[PDB]
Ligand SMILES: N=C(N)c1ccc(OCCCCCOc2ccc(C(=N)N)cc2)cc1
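Next comes just one chain, in structure tokens: the form solved without 1,5-BIS(4-amidinophenoxy)pentane (PNT).
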């Protein structure tokens, strides 16, 4: 119970202040539990974070496969999946924290691999929208794992590095991007 309360409050703060910047005490205060409790359930702050990450990944893989139904075309998917990046409440929100985290804990194998994993998931969602988009005669794409990578990483810059502007502004800026991108693909 208090565990979940902690997982919840931790996410909120991490998204809002980042990893390092977010303090154990605050988590516990808001969570209304105890440091002793937080550390009872997660060997450490790092673990508290990776945990939240998994919980987040799944909470999304789930939202995508369930939300992409309404999309008919393999193109509509690209348009949507990118739009979600901004409207979602899972994984993307705490992207900054993820950088901040990977940045320093990049020399500890336990953490690294554990994160590239989530990374690739999103890299893949693209590999699919693109591949099956190929054969379904929507575009012929030479290298797909590259275009899928570009697309994944570029959409990421747009999401994390555009925070200052508005939701309905971001949602719109993203759409425009999707468009322009859904072209360099068309012919050769």
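Positions refer to the first chain, counted from 1.
There is another form of this protein, the form solved in complex with 1,5-BIS(4-amidinophenoxy)pentane (PNT), and it is not shown here; the text below is about that form.
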If I take 3+ ligand atoms inside 2.4 Å of backbone or C-beta atoms as the clash criterion, is the pocket here open or blocked once 1,5-BIS(4-amidinophenoxy)pentane (PNT) is superimposed from its pose in the deposited bound form?
blocked
Check for me: heavy atom within 4.5 Å of 1,5-BIS(4-amidinophenoxy)pentane (PNT) in the deposited bound form, for each of 74, 131 and 179, yes or no.
no
Answer option from 45, 29, 41, 59, heavy atom within 4.5 Å of 1,5-BIS(4-amidinophenoxy)pentane (PNT) in the deposited bound form:
59
Verify the contact flag for residue 68: yes if a non-hydrogen atom of it lies within 4.5 Å of a non-hydrogen atom of 1,5-BIS(4-amidinophenoxy)pentane (PNT) in the deposited bound form, no if not.
no
Residue contact check: residue 34 to 1,5-BIS(4-amidinophenoxy)pentane (PNT) in the deposited bound form, 4.5 Å heavy atom
no
Test of understanding: in the deposited bound form, would residue 152 fall inside 4.5 Å of 1,5-BIS(4-amidinophenoxy)pentane (PNT) by heavy atoms?
yes
Do residue 113 and 1,5-BIS(4-amidinophenoxy)pentane (PNT) come within 4.5 Å of each other in the deposited bound form, heavy atoms counted?
no
Scan 119-133 and write down, in order along the chain, each residue with a heavy atom lying within 4.5 Å of 1,5-BIS(4-amidinophenoxy)pentane (PNT) in the deposited bound form.
126
Since the C-alpha distance between residue 107 and residue 158 changes by 3 Å or more in the deposited bound form, give its direction relative to the shown form: closer or farther.
closer
Classify the change in Cα distance between residue 107 and residue 157 in the deposited bound form as closer or farther, relative to the shown form (magnitude of 3 Å or more).
closer
